[PDB]
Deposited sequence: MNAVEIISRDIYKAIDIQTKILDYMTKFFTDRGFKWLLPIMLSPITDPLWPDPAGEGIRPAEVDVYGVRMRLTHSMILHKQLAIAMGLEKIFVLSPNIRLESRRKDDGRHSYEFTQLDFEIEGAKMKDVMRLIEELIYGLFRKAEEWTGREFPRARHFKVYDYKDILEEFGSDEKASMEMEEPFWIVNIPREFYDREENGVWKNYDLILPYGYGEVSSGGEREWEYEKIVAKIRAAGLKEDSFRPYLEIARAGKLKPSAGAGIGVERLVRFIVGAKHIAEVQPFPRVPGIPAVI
């Protein structure tokens, strides 16, 4: 699509839904006493998940992969409960152009001081359930009805369906995948990862991801080294961890476009974006 074709698409309904979704979600969090933060796009540190880079007054800065580390820093500042509509940049290859990836997207990213994994899962369930009932009033269609979703261990997913891909295809209710070996910020205890991904049914895939966090220096540094990452990619973060100023917390990020896609029923996520950002295809506009 050239520039003129991009702007000649019909996208009014998807944007209408998006507006209702953003209004609903931001209110859900402010009603529960969350502080509303603004995002940052450039920092010496970002989610390790190679991040694009740019020089800023002579210093190399990474474009934000995600704000996970900054959420932990906000908790360390004593903000208690925070969320942000955070734009992310993730330059995946043509292979990830599967209808559910975009190389620029926003997540509603939130964190809570002292929360446990079941608290956050329950909180997301409350949000999704309320939202699905509204989506029925908005679009005169029917959505998944469960108040709580089934919980699968990552290994049970691999065993029964082979992949989270096949899992999503087979299901008709959202479902959780838990205990997923991941990054250094996710808390691991007794070989169990205290983390969680909410998966949508009908092949739509992941919509939310989160976990309890590591806050202890030695444990964090061990997992970084263990993964073969350079500790100096996280220097200022590790200095706050060393000062013992990280606090226990838990949170998650919700993919806004993925949620909008599900509620509108769009085949490709590009259809709900006024300016598509398709993996492997540099945007025309």
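According to the record, the deposited residues with no C-alpha atom in the structure span just 50-58.
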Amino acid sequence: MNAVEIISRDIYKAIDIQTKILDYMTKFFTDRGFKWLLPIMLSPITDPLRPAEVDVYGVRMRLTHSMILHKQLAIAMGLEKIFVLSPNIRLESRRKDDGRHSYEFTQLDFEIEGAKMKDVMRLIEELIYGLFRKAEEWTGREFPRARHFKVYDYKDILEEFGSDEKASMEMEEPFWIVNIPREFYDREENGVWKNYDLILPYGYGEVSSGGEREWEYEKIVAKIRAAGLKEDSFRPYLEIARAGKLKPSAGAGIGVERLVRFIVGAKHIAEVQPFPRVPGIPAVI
From here on, numbers count along this sequence of modelled residues.
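Rigid core here is just the name for the largest C-alpha set that superposes within 1.5 Å across the two forms.
Once the structures in 5 other deposited structures of this protein are superposed via the core, the pair 196-204 and 94-102 is resolved in favour of 94-102 as the more displaced stretch (C-alpha RMS).
For the pair 151-159 and 207-215, the mean B factor over Cα atoms is greater in 151-159. In this entry, the higher average B-factor at the C-alpha atoms falls on 224-232, of the pair 63-71 and 224-232.
Highest C-alpha temperature factor among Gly33, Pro51, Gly255, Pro44 per the entry: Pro51.
Sorting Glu104, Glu189, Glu126, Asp109 by the CA temperature factor given in the entry leaves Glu189 at the top.
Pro201 sits in the middle third of its chain by CA B factor, as recorded in the PDB entry.
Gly244 sits in the highest third of its chain by CA B factor, as recorded in the PDB entry. For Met169, the recorded CA temperature factor ranks within the highest third of the chain's modelled residues. Sort the chain's modelled residues by C-alpha temperature factor and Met121 lands in the middle third, per the entry.
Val260: CA B factor in the lowest third of modelled residues in this chain (values from the PDB entry).
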